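Numbered per the entry's author numbering, the sequence shown spans residues 13 to 506. Just so you know, even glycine gets a beta-carbon here, dropped at the ideal spot from N, CA and C. These notes are about the structure you will find just below.
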Amino acid sequence: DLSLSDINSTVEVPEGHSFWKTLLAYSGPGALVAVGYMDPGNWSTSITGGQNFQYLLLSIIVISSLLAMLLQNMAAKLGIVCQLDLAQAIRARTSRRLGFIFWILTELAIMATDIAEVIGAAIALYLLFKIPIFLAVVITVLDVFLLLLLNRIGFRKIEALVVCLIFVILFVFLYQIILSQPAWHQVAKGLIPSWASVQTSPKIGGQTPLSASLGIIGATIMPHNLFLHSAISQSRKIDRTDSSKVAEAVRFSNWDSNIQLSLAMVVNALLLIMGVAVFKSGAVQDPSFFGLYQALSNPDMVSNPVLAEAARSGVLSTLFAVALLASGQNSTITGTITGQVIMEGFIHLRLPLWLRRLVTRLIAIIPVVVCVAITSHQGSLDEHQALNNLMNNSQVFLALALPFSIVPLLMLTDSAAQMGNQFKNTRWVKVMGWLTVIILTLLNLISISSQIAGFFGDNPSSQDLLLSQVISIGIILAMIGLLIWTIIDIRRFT
Ligand SMILES: CCCCCCCCCCO[C@@H]1O[C@H](CO)[C@@H](O[C@H]2O[C@H](CO)[C@@H](O)[C@H](O)[C@H]2O)[C@H](O)[C@H]1O
């Protein structure tokens, strides 16, 4: 009846004021959440944003990472204080049909992330081991056994294995930046919140600064990682009776989370400056993982004689594919954990880790093998580009499930009927939190129409355009009705 019953309140190791050892003990949760923010679903957009705007968009990465740290810390607070996850709070404060809608929506979100991870991992196999594209996918389906071995390890090592992956993809991209020797003064200048990123005038590669910036801001948080953080934050036992101990517990998980999401922000920065310093100006014509592989393996695409010799040897691209693998491993852990959370929290369905990863991975690979089937039926022509368009079109479910995850979080944590007059949010985070939630909800409701129209490809059928307008209006209005309904129920609780 409590979230993550297998590992809930497992190891509590606060020892007086021995803080940093106490930090070492529970540092696990934050990395599990952050590694999701390094998935290859936006690797191209950081490199593309770098080529189109050298170092300019680095500040937007910082701001987005700050907002994500805010909402993530809020979810961790709900888990720590209330000893229950975000799904259990929402489901307890609304009916079952709303918990079911939220369930299917978040299932679709983690499914979209899973589609990104299976595409990137399968392509990683096609690049590293030269496995055929159709075989690499059905090889990625075998991660259920890696989950069986994953199940016996334990969170003191699982949450450290996630750290291992994090520093794998962090050192892979940092290594190609170390060889690049970039002008770190222009990087510093880029990290400062300037107003050139909010303008619309450069328009390089069909992208204005305001468009790229508003995209980075719009894709700030992942809805499933909120429920994830609120569930994993409970894995540390707390007496819930000593205010200094729970205040300490909140400091604990906060410093953890920021320590990890800061690493994710560093990875995004390494991707942008990877697009600025490593690649030549405009060398990336194919945002696909294969396009970045050949672009990282062509000496004329780099901007340094050392990167040309290393690229000719063939180490820059292989490291890239390794990073693709390490990123593709994340949805196997966090997808199963979060899927359990939203399942047994929203619809009260107790399912094992066996059938969970099976169903999610199958539903994820069905459109992948359909796409590979059609493109290989066209002669393996534009097969990687179509996989990239599938990966990008999948991310609409995140925009569908985002408001119903950030709005109830902010409400339930801002009410004293859930946190109490002692641990509710400061007036400082009330303003920043509501500002962030409003901005993200508006931006994603804007993204709905763009992605729904993007389903019909770059070929704008005049009759299908109006249909995309009707469907978009219907979807955003339906999300408005669901949103005001949820607002009404939660505010009835408070
Ligand atoms: C597209 C146009 C964009 C315009 C952007 C303008 C930004 C306005 C910021 C408003 O700030 C919040 O608005 C909530 C609504 O009025 C207030 O009530 C809130 O009060 C509690 C939080 O303190 C919550 O628990 C409640 O659910 C909620 O009603 C809340 O006090 C306040 O901080």
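- Residue burial is scored here from C-beta neighbours: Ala124 has at least 16 other C-beta atoms within 10 angstroms and is therefore classed as buried.
- Here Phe291 is bridged, per DSSP, to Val314.
- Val175 sits in a helix when the DSSP states are folded into three classes.
- In the structure shown, the three-state DSSP call for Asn437 is coil.
- Scanning its chain for C-beta atoms nearer than 7 Å, with the 5 sequence neighbours on each side dropped, one finds around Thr232 the residues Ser76, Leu79, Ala80 and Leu452, in chain order.
- Within the same chain, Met123 come within 7 Å of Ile375 by CB-CB distance, once the 5 residues on both sides are set aside.
- The C-alpha of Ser107 is placed about 42 Å away from the C-alpha of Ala281.
- In this structure, the C-beta of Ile450 approaches ligand 1 to less than 6 Å from one of its heavy atoms.
- Here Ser474 carries a helix assignment [DSSP, helix/strand/coil].
- Three or more Cβ pairs closer than 8 Å define a contact, and the segment 87–97 meets that threshold against the segment 424–432.
- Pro299 and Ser474 do not touch by the CB rule: their CB atoms are close to 27 Å apart, not below 8 Å.
- Judged by DSSP in its simplified three-state form, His396 adopts helix.
- The beta carbon of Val180 sits closer than 8 Å to the beta carbons of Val334, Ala335 and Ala338 from its chain, once the five residues preceding and following it are set aside; these are given in chain order.
- The beta carbon of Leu361 lies closer than 6 Å to those of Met355 in the same chain, with the five residues before and after it left out.
- Secondary structure in the segment 150–236: the alpha helix (DSSP H) runs of 4 residues or longer, each lying completely within the stretch, are 155–163, 167–190, 196–202 and 221–230 in chain order.
- Beyond the five residues adjoining it in sequence on each side, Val408 comes within less than 6 Å, by CB distance, of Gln463 in the same chain, given in chain order.
- For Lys442, the three-state secondary structure derived from DSSP is helix.
- Within the same chain, Cβ atoms closer than 6 Å to the Cβ of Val318 are found at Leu191, the five residues on either side in sequence being excluded.
- Between the C-alpha atoms of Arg248 and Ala88 there is a straight-line separation of about 11 Å.
- In the structure shown, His360 adopts coil according to DSSP, grouped into three states.
- Look at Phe468 here: in three-state DSSP terms it is coil, with no helix or strand label.
- Straight-line measurement puts the Cα of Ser15 at about 44 Å from the Cα of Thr220.
- Within 6 Å of the C-beta of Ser427 there is at least one heavy atom belonging to ligand 1.
- Sequence-distant partners of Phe239 (beyond 5 residues in either direction) whose C-beta falls short of 8 Å from its own C-beta, in its chain, are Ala87, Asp97, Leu98, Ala99, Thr118, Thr350, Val353, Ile354, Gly357 and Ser417.
- Across the structure, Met403 and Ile145 are spaced so that their CA atoms are roughly 15 Å apart.
- The alpha-carbon separation between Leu410 and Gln390 amounts to approximately 31 Å.
- If you compare the alpha carbons of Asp254, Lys215 and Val210 with that of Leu70, the shortest gap goes to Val210.
- Setting aside the 5 residues that flank it on each side, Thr506 is surrounded in the same chain by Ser427 and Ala429, each with a C-beta closer than 6 Å to its C-beta; the list follows chain order.
- By the neighbour-count definition (other C-beta atoms within 10 Å, threshold 16), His241 is a buried residue.
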